[PDB]
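One structure is given here, and the rest of the page talks about it.
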Amino acid sequence: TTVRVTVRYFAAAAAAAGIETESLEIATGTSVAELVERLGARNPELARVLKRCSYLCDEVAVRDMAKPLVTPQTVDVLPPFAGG
Amino acid sequence: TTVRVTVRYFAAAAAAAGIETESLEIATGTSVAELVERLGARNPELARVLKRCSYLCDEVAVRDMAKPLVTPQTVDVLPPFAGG
Amino acid sequence: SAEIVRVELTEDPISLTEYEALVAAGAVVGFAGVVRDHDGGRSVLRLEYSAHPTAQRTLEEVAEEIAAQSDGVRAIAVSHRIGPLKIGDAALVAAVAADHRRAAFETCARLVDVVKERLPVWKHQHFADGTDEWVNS
Amino acid sequence: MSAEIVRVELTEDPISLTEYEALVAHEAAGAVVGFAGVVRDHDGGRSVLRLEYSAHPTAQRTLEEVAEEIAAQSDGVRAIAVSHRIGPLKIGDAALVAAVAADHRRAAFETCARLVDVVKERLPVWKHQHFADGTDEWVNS
């Protein structure tokens, strides 16, 4: 089957994606890593930005990019920080 | 035979001496150390404060306490610093 | 057991003066990180800071981490501005009050470093040649 | 070139970190670090009612010499400012204020602390405290 994942893009990622948010359908068990590969498949600028991003699942830091996505959830895309 | 020296007391020294300044006749050739001895004879409190003082002759730091006083001069009595 | 007086991200201009007043100890050290008119060899016109929704909490967590590990520090306050900023505006302000100056200097410095490392905010610079850059993208 | 010395003051008038920070910050440099040394209401386990700072006549010149040395060492420091108050002071009053503007924060923090260090070491000023029990003390005498 499939699962519906909401993706929220931030900063450079949102600029490169051309959108702020996006709902995606992916095979159940798809890893965050695979998801990321998919997000940049048709957008070289986004793909490049994603190379340096970190990720949240329901605003919790993703420690394991191999973590399977089995339930609907929100993935936040976070470029390298640049405060101060 | 003698030379006239002006002594300026500062902070704790002035407080212990009871005065800010005095003029003094001392034997020509008297060292700064010998002068300090005579200044301290005033009272034990001043004598006590003088132990930890530094000294200027015409506002030039006294490096050698054996320095002879052979010309009319101003001697400044400087307690340990305490500012900031 | 240092107090965290105030911690906030805001669009409103932030005052180092106000924050040094907040932490008022015998020694106060304040820091302001200010928008420069250049980035390397390029002239800067203006910038914007944007923040993740978790930014506020993260800044609170950092401040508490620094406060807990410190010693001789009485009060800490730190703020990061977000939104459009002009050259000369303070983007990041922090103040530390301590019983002695050494603890104030050392804690304020480490505090600023950890905030810069961990605060989920982003910087969008705009250059005089009409180009722009997302810093560290 | 050496860093600007925007303020170097021995004054009886009240001093403010606030004005000093604004003055060094005009360079629009990357980082500003400020220090305020304020009078505590307690010292060595004794409650302080008030204190006074006194200065040797050479204090102003000594402060200027210190400022020149600090301003010379070039670590991307753009502006410095330092002031020490003398005369009668109340609890909470700033006794010593310094500010440093630099390209980056490392030089600002390190230079501001070093400036305060050298000033406290070399400035010919003295502190007279007055305690609640009616006794007084010339610090370090």
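One table, with the values for the structure above:
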| read-out | value |
| --- | --- |
| Residues that are within 17 Å of D:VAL38 (Cα to Cα) and either out of contact with any helix residue (DSSP H, G or I) (no Cβ under 8 Å at 6 or more places or on another chain) or among the charged types (D, E, K, R) (or both), drawn from segment D:104-127 | D:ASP117, D:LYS120, D:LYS127 |
| Selection from segment D:90-141 of residues that are closer than 30 Å to D:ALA72 by Cα and in a strand (DSSP E or B) | D:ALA94, D:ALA95, D:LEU96, D:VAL97, D:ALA98, D:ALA99, D:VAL100, D:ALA101, D:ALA102, D:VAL125, D:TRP126, D:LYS127 |
| Which listed residue, of A:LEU56, A:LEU69, A:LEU78, is closer than 19 Å to C:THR54 by Cβ, hydrophobic (A, V, I, L, M, F, W, C) and in contact with a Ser or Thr (Cβ under 6 Å, 6 or more places away or on another chain) | A:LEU78 |
| Tally of residues being within 21 Å of A:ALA11 (Cβ to Cβ) and either more than 15 Å from the chain's Cα centre (by Cα) or of a type in the set (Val, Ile, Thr) (or both) across segment C:88-137 | 15 |
| Positions within segment A:7-26 being within 13 Å of chain C (Cβ to nearest Cβ), touching a strand residue (DSSP E or B) at 6+ places or on another chain (Cβ under 7 Å) and among the small types (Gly, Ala, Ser), in sequence order | A:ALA11, A:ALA12, A:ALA13, A:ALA15, A:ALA17 |
| When residues of segment D:56-93 are limited to those that are exposed (fewer than 13 other Cβ atoms within 10 Å of the Cβ) and among the small types (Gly, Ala, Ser), the one nearest to D:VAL32 (Cα to Cα) | D:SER74 |
| Among residues of segment D:11-46, those that are surrounded by fewer than 19 Cβ atoms within 10 Å (Cβ to Cβ) and within 13 Å of the chain's Cα centre (by Cα), counted | 3 |
| Segment D:15-46, subset hydroxyl-bearing (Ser, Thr, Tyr) and assigned to a helix (DSSP H, G or I), residue nearest to the other protein chains (Cβ to nearest Cβ) | D:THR18 |
| Scope segment C:35-84; condition of a type in the set (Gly, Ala, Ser) and more than 21 Å from C:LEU9 (Cα to Cα); matching residues | C:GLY40, C:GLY41, C:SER43, C:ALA68, C:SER70, C:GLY72 |
| Search result, residues across segment C:120-137 that are surrounded by 19 or more Cβ atoms within 10 Å (Cβ to Cβ) and out of contact with any strand residue (DSSP E or B) (no Cβ under 7 Å at 6 or more places or on another chain) | C:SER137 |
| Complete set of residues in segment C:100-124 that are more than 7 Å from every other protein chain (Cβ to nearest Cβ) and of a type in the set (A, V, I, L, M, F, W, C) | C:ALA103, C:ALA104, C:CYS108, C:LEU111, C:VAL114 |
| Residue list for segment C:47-81, restricted to those being under 18 Å from the mean Cα position of the chain (by Cα), charged (D, E, K, R) and part of a strand (DSSP E or B) | C:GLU48, C:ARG81 |
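Laboratory data are not the source of any read-out in this text; all were calculated from the coordinates shown. Reconstructed Cβ throughout: ideal geometry from the backbone, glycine too, with neighbour counts over all protein chains shown.
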